[PDB]
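In structure tokens, one chain follows: the form solved without the named molecule.
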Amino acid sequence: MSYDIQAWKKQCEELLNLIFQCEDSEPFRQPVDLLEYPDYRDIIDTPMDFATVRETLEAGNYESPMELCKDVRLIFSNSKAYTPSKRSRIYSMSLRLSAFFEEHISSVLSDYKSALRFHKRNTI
């Protein structure tokens, strides 16, 4: 529906489903095992993963698609900080998946911003 302030929830749910199904998301689906990779938190202040993003959305714990988008960009910025090289196949996966995410999130955010203006301003 046009001007739907709720539309982003289904749009983001769908986008996360497509990400989970993509081979490029394998390294990012689940929290890094901090007992297995004991220097991860020495480098990364704020871990993030797609399972936490999906669970947060399903819980209603995101206020806006902008909040969800910040957590997804954190997955990718964490990967760029923790991988040691552009030679890393994990880094390459993160760049492909990030480009895909940025392609689809832009219209979610612009459709939400328009809906929110309507929500606040309409007299119908």
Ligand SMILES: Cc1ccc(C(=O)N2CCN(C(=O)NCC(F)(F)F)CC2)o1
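Start at 1 with the first residue shown and count on from there. Only residues modelled in both forms are compared. Take the two forms, find the largest set of C-alpha atoms that superpose within 1.5 Å, and that set is the rigid core.
The protein also exists as the form deposited with the named molecule bound; that form is not presented, and the subsequent description refers to it.
**Student:** Although the partner isn't part of this model, could you tell me whether residue 60 comes within 4.5 Å of the named molecule in the deposited complex, counting any heavy atom of the residue?
**Tutor:** Looking in the deposited complex, residue contacts with the named molecule do not include residue 60, since no heavy atom lies within 4.5 Å.
**Student:** I'd like to know if residue 26 sits close to the named molecule in the deposited complex, meaning any non-hydrogen atom pair within 4.5 angstroms.
**Tutor:** Flag for residue 26 set to yes.
**Student:** Quick one: which residues from 85-99 get a non-hydrogen atom within 4.5 Å of the named molecule in the deposited complex?
**Tutor:** Stretch hits, in order: 88, 90, 91.
**Student:** Which single residue of 36, 55, 42, 63, after superposing the core, moves its CA by 2 Å or more between the shown form and the other one?
**Tutor:** The one that moves 2 Å or more is 36.
**Student:** Superposed on the rigid core, which segments of at least three residues move by 2 angstroms or more at the Cα between the shown form and the other one?
**Tutor:** Moving stretch: 33-38 alone.
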